[PDB]
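What follows is a set of notes on a single structure, which appears directly below.
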Amino acid sequence: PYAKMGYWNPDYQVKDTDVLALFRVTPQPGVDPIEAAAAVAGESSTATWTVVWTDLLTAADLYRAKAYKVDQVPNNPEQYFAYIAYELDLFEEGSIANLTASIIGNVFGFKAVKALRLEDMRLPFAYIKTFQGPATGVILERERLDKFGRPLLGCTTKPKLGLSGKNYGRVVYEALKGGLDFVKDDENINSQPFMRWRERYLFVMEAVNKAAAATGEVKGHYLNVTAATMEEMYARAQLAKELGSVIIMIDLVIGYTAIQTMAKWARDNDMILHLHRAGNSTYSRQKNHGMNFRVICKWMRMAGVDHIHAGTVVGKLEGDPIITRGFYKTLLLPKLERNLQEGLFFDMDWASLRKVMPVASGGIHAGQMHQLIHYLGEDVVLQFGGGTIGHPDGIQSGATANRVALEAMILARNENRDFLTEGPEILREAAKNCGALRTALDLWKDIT
Amino acid sequence: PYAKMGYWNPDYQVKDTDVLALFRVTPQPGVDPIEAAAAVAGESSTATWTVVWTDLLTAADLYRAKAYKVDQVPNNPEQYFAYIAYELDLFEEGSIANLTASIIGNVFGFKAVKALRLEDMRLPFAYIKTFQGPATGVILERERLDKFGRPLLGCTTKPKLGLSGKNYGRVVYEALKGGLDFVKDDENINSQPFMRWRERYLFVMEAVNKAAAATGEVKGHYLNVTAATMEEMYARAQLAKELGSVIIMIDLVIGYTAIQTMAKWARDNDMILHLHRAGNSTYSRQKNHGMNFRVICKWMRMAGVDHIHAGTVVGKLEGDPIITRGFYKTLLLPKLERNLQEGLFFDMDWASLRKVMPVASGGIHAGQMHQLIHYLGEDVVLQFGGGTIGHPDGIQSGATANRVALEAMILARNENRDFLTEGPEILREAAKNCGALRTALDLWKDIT
Amino acid sequence: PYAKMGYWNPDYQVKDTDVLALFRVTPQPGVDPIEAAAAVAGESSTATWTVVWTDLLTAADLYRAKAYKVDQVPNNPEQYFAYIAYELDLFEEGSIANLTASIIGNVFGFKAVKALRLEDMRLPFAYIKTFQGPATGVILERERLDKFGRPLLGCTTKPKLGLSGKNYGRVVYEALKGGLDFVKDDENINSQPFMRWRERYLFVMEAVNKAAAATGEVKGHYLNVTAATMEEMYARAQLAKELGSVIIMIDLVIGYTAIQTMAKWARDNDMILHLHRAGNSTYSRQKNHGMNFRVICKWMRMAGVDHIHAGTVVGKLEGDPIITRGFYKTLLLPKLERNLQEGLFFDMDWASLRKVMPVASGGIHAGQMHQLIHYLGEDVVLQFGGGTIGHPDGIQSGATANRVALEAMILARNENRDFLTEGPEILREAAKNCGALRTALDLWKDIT
Amino acid sequence: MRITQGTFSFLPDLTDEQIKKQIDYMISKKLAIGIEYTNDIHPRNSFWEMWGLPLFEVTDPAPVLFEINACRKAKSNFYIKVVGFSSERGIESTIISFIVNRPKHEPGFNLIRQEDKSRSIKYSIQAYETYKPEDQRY
Amino acid sequence: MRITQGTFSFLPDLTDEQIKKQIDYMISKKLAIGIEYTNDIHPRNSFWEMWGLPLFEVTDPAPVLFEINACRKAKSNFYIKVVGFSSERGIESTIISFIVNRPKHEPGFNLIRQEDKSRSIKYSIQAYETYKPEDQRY
Amino acid sequence: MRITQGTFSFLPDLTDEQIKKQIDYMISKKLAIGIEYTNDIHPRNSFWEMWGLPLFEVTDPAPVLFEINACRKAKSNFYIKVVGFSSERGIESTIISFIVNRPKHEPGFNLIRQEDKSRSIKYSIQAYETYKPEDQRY
């Protein structure tokens, strides 16, 4: 009996310190929306099923979440948006694991709801201020690299697995010297019988410094430090730092406590921390159950990763452009304004936490540069794949073609050409002076 | 073009060393089942979208996952079961994060599938042997507690939050002395402005030792050591060990690297490690997308937790009895036999890894004891809630009523009475000699 | 009464997880072969001489070794080959000391056998997978040295003992600069009144870097880190790492726990680990008692040494060519096939453990290069001795003569000349262009 | 107080009829059956005294009940328990242990608090009867 | 070799028409505009020399182009870049930086490998022209 | 001095007849064949420059010799080597690498000794030609 137990309060006045959650709720065929909403509040706060006298030894109302507004969702009569408020005192300062436990704990397995999806959260300023936020952040990252006014470019080593430490380093060297700012370890390469981790790091740093010497730029390779236990991750992180790497990477599957541990480490060790979002789609993909990816973006900016894969609008993930824009905003703006189409349900001030660099990958090519720039903007790392390594003229050529296209597009944008409309032509003019790019355009024009 | 690229092989012969995954696949309206299957294999192994010559510097076929069988699912024409094999060499020994990355990495966000759910995995013996498995395990746990031949009983402190360290300890003391084997911290209690963690631990151990002295049993309280960073978790773990606690608990949301870190710690420190599965329903609940909970049970037994919440058949989670049985089997047996109704798609030998104790909670009461024993068996921790703390006669009475019912049911089972049929009467006979239990039955007979 | 106590079972079915041993058994004049075999199984497993009731508190059959086949050996009627199986659960993962204790424990001193020799073992895949295997391994070793397609060449410093640290370094410098890839410490040089260890290391690294600078190759000297206690070995190892040595060496007599300790160290410290087999002949030499050297090769590949002395077919150890080949196979192949002439009694998969580099030494000279290549193949370190240091023209000349002969022989092999038949002539053609080599041939033609 | 070690200690003390049905269960489970007794009831006193050797391959509850009763007479003022050991691989341990005799009065346990660093305490528990020699308890 | 620091260095060197349109963009973004020059092209040489003070509140590209050309004449054999500083809160940094003059020949960089523990190396990179005094490079 | 990286560097430089027979061997071994060149002859310079892509599935030494000769003409004063990569599982690496062109004079290496704690030294080796820009060596 949740609506009568205090968990529904359409009168409740939200405070600036309250943590607020927006759930997309699908009640069980018979159950009332308000009862569904109250159940979710109750079940994730003080959800006891008889009366308990021990409640009265505490200020019981403070520890109750409050469902304070329900709306039916625009186009689907069987779904409601439920707004719930939690007192700031319920949470451990600086702890993602506590925030997560507290918010998404029980309620996804509860029966009186068919389906349930956390869509957005308002983290109050005073809570946000207890987190470190990005170890490095976009601004310092660009000052470290001395690279300004353009996206950065990367790609993952292909084949993902199998090359020896020396053959692996070859690909790194070719890609960086050809024009890429970064190359990376695949999320699956950690330390395996075909290649242990130390020789990979050692060959890689020779590749990276060789390419700096060849181009006159700061270059880097995300060394993946992902490992089974924290001490093992620290050993890997420590070697990357010892060899002078500008950047390491971690997989999201190491989980939140290890990520905040590493984020502190990267802050204290002047290291860029790239988060690979491997596994995220198991709960962020279906529209009716789980957690929306924007809530992950919030938590990860708080925790303090420097880059996170955020979506491409075009390619192997042609997702909604307006929703993706919402992700990039969360990652990059000082303040969020509520905008229902973007899926941002609350205003939110980021309390001067640093920005995270979004990363676009997944079947992208130089032939899309004008849409990429148009949709994703300037602060993004565009990650190519077979786009680079399988250029007929070689890895260096693959890299150069991407870099020439990128720069020509930004130059055009800054000239105020209508680059979205004129983009294919802008590419063609650049390719006039660049064979590697002509070959790439010819090769990937009909890409379906 | 995955089926033509080598990723579909109905002839492939599975080896004893291969890691095998069973995915429930929902192809996009137009796409062929075999093409869907091959796409999932390809996209999670060597999934490059042009030709790359660097593949030829490696034994390329070894690093390709192989889709080797597809079947349409029994009652739903639009779904297929896809069987995929991965070479043992693709994985880091003893690493859950690597296994996870590798298996569930990209493929959940892929477009040519509408929906995708990992249902089971065959972990080969040689891989399983590189993991520690449960720090303690059922057998040693019972030798440590000197408690044999019956489920163990626990409950979570109510109110979950708000009591002072001294008022908190009161509830622990009453519950343990009344007959519960364990009391626990809620997954949400870590260290908060209303109560910091150290005074909780210190009051709790006085409660626990007082109750040992009152009953003549080894008692325990799961102290929650969940914290934002690993060093902070270690500090908490260390205090619990210093004060002589028999048991601590961790929330699953700390993530897999922190859990394997703690599992090693618990093995080396003679500590029972309870895993609280908070958050799991966001991906294990919907039948068409995400990961089935049995695959989590496999990974967590490998990683080495000692208890994990595994389901109640009756109560606030009346889930399928035959599927739940499958979970308990995974957790407890030396060997698994394929049984499609249970949702166990592969035989699997556990390579003498220790057993994990399943935990049932969620709206259970003494009035169900006969179904609980019948469904869940003897190796389980039955966790009560308002079942205990809100007994009209007091916390001690709540505890005693549960313990009397439990023991009377096991006694009946061992007498070979038809306890499932005769259970309500068996309860009534026990209540004749036990007022606390009569009060509980009267109070929770119509529980809907 | 072992055959009746369960220790003989010709029906037993061997499992893929079982550890299997092959013993060469010489029964006491009266005792039956089957009784001998069963006695060896019994005496090394659960070998109690009255009845014990405490057995029945365990799954007793699991802990019994089983003699499951006996054959009389081909040419010696008084000897039998006994095959014994042990359950994988009897052994500690990753422990050579436990494997050794368990297998060779009591049974060599037992009376009902006159003589007993362990000849081979089948280590099951799942057990092998719990060992690190070679710190470096042949493949990475060659990538570190950038030396491919040919044996590597070394020699031990002569005199073995007595030179000052500065006079010692002289020999190292001359040998490396003349063409040797490595020079080494004798197994007897550790730290002695005539020369303490630190000045040796310090002079040696100046020699080694001088020679790199003179030749343009990565060079190394095996610094012997052998010492009385583990902390003392670590101090020595640490200095070699600090000075940037590519390689250290250990004597087999430090024993198995210290060797696995160092093997881990070398893996974590990017160091090649050479094992010197000093003392091995006391149990591997006689054909009727002790342990065959191939079983040592198995254990040492598991433990994780990078080089091990494995035999020369010609010279001061003209041992059987077909048996030696068996040793090299164990060391170098991914998989072993049973071949009775080689003395490999079981198929065995190495579970992708790295390869160990065999080392041939003992009275070899350039005049044998064609047999050396023919018998020992390409992955081997050919260690010269007085072959190098006592060239009439000087140490550099001694080294060059060896290197020229080696390369000319490999060049010939790759031309598909019949180098075994044509070898002396191939040497003569090379010596036409190389005085140092002509002098060596003249000098060591009648070597008896 | 009532000591609640044992599988059925929250029930009334078992009748001999009840015990006999628990032996039946043990037998059907193929357990070795041990009878053990003690007068230091500390919960960490892992090694009670053995009343003879465990009985293996038992096929009738009679011999077991006879020893239980023989133990009760000789040790009437000791706790006595029956223990069933499973030899099933992967278990190889106790799977049931219940009390079949209690002394007539249990005084319980002293709780000792040794004050250690800051606010921590090192606890011991000591059964009151063990402040007396064995031959004088209960 | 061609040094590829700068936002448009993979393009052909900009014409003055092109530069002028980049100044327009900077102006529309309300940037301070700085002209800086150097003949140690090391990528970690964070502080190139300043050609006068940044220009603030510029409203016409002319004065900027004039200084760029004045810098090119005085420093024709130095690299020269134009830098746009944003004072927007939370940015307060460079948001664009591109090369507007290169010396006629770039010899590139020496790579130095100092061998350290085990297999590790400590690297330096040193531009060849910096083996010469400033007044003699390029 | 004569740099002795390479499988046959202690032999006289190979004739084209000799090279051709080494390609035959590589082919019979099913190797990918790469031609790589460099003018920093440091032994830890792991990544020489690539002359086009490795050649796979070669069945006749001719195309390989043609590229070798094309590389020699374009890069006559660089070291050039031929490399054979095995894709055999468990090897997946280089199995042969030999020099097919040397510059006309090799001056060799400077040895640098940086004095560190007590008596230890940190060494570098630096090829003399790398004190010059790439386009001026040898």
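Sequence positions for chain B are given in Swiss-Prot numbering; the residues included correspond to 27-474, in order.
Here the Cβ of each residue, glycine as well, is placed from N, Cα and C on the backbone.
The substrate binding site annotation in Swiss-Prot covers B:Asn132, B:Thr182, B:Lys186, B:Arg303, B:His335, B:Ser387, and the record cites sequence analysis as its basis. For B:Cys181, B:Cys460, the entry in Swiss-Prot reads S-nitrosocysteine, with the evidence type experimental evidence. Marked as active site, proton acceptor by Swiss-Prot: B:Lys184, B:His302. Sequence annotations record features per position, and here Swiss-Prot assigns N6-carboxylysine to B:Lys210 based on sequence analysis. For B:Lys210, B:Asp212, B:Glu213, the entry in Swiss-Prot reads Mg(2+) binding site, with the evidence type sequence analysis. Under the heading site 'Transition state stabilizer', Swiss-Prot lists B:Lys342.
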Same chain, 6+ residues apart, C-beta under 8 Å of the C-beta of B:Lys184 (active site, proton acceptor), given in sequence order: B:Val197, B:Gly411, B:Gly412, B:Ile415, B:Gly416
B:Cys181, B:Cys460 as modified residues, winner by CB count within 10 A: B:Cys181
Among the substrate-binding set B:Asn132, B:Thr182, B:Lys186, B:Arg303, B:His335, B:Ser387, as the record gives it, the longest Cα-Cα distance in Å: 38
Proximal but sequence-remote residues of the same chain as B:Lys186 (substrate binding site) (Cβ under 8 Å, at least 6 apart): B:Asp212, B:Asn214, B:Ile215
B:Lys342 (site 'Transition state stabilizer'): nearby binding-site residues from B:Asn132, B:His335, B:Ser387, Cα cut-off 10 Å: B:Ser387
Distance check against B:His302 (active site, proton acceptor) for the recorded positions B:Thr182, B:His335, B:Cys460, keeping those with Cα within 10 Å: B:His335
Alpha-carbon spacing, B:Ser387 (substrate binding site) to B:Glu213 (Mg(2+) binding site), which is rounded to whole Å: 13
10 Å Cα neighbourhood of B:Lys210 (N6-carboxylysine): matching recorded positions from B:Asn132, B:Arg303, B:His335, B:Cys460: none
Inter-residue C-alpha distance, B:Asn132 (substrate binding site) and B:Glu213 (Mg(2+) binding site) (nearest angstrom): 30
Sequence-distant neighbours of B:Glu213 (Mg(2+) binding site) in its chain (C-beta under 8 A, six or more apart): B:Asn250, B:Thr252, B:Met275, B:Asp277, B:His302, B:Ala304
Residues satisfying Cβ distance under 8 Å from B:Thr182 (substrate binding site), sequence separation of at least 6: B:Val209, B:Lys210, B:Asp211, B:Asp212, B:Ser387, B:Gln409, B:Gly411
Listed in sequence order, residues not in B:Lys210, B:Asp212, B:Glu213 with Cβ within 8 Å of the centre of the Mg(2+) site Cβ atoms: B:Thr182, B:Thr183, B:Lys186, B:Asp211, B:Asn214, B:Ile215, B:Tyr248, B:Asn250, B:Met275, B:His302
Nearest-integer angstrom distance between the alpha carbons (Cα) of B:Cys460 (S-nitrosocysteine) and B:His335 (substrate binding site): 30
Cα-Cα distance linking B:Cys181 (S-nitrosocysteine) and B:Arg303 (substrate binding site), given in Å to the nearest integer: 15
For the recorded positions B:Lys210, B:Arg303, the one whose C-beta sees the most other C-beta atoms within 10 angstroms: B:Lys210
Local Cβ density at B:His335 (substrate binding site) - other Cβ atoms counted within 10 Å: 23
Per-residue Cβ crowding (10 Å cut-off), top of recorded positions B:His302, B:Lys342: B:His302
Cβ neighbours of B:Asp212 (Mg(2+) binding site) where a neighbour is any other Cβ within 10 Å: 22
Local backbone state of B:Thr182 (substrate binding site), from DSSP in three classes: strand
